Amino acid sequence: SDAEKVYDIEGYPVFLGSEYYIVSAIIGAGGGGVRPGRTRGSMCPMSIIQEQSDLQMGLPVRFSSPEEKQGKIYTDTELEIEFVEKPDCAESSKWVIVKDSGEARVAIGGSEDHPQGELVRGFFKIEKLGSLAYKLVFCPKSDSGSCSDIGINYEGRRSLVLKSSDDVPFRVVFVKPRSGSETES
């Protein structure tokens, strides 16, 4: 329920709990998928970067919801995101918002990986960006009544950040990884 259903590029619903690559949509600004990446000035890669090549779909993620453990994903509904793999220096691969430079960025790891005061509590949501794309948004807890678009900060590292305006979202589509009898990690 709530709005419209979110589908992968194959036309199938995006399911909570299943693995999906998040890659740049055809109407995007180029590039591939996302993955944890090196943080400028840190030994532990806790930033999220977008691949420069559309040949690289990045690392898969799985979506979860505070209302149901399974089911189809609908736009404009609360979601939490996590990569299916995490660095050993991080306690988790969950996506979080870290604000400590005027400009909030999307990172991985929770309260055990970042100073509490730096994290911004809230939920993610997937919004439809036409019929050829989607975009991710983050809705702060305290800011009850406003969500910021997730966009790319182009600086050679294509890192994911929260945009102040809604004119520069990272346009994406969802791709299910290939499998069969088993999907080792």
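Start at 1 with the first residue shown and count on from there.
Novice: Looking at the deposited entry, does 120 to 128 or 55 to 63 carry the larger mean Cα B-factor?
Specialist: Taking the mean B-factor of the alpha carbons in each, 120 to 128 is higher.
Novice: I need to verify one thing: averaged over C-alpha atoms only, is the B-factor higher for 34 to 42 or for 139 to 147?
Specialist: According to the PDB entry, the answer is 139 to 147.
Novice: What third of the chain, by the recorded C-alpha B-factor, contains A104?
Specialist: For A104, the deposited C-alpha B-factor lands in the highest third.
Novice: Taking only the Cα B-factors deposited for this chain, tell me whether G17 sits in the lowest, middle or highest third.
Specialist: Its C-alpha B-factor belongs to the lowest third of this chain's values.
Novice: Looking at the entry's B-factor column for C-alpha atoms only, identify whether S159 ranks in the lowest, middle or highest third of its chain.
Specialist: According to the entry, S159 has a C-alpha B-factor in the chain's middle third.
Novice: Looking at the C-alpha B-factor of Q50, is it in the lowest, middle or highest third of its chain?
Specialist: Lowest third.
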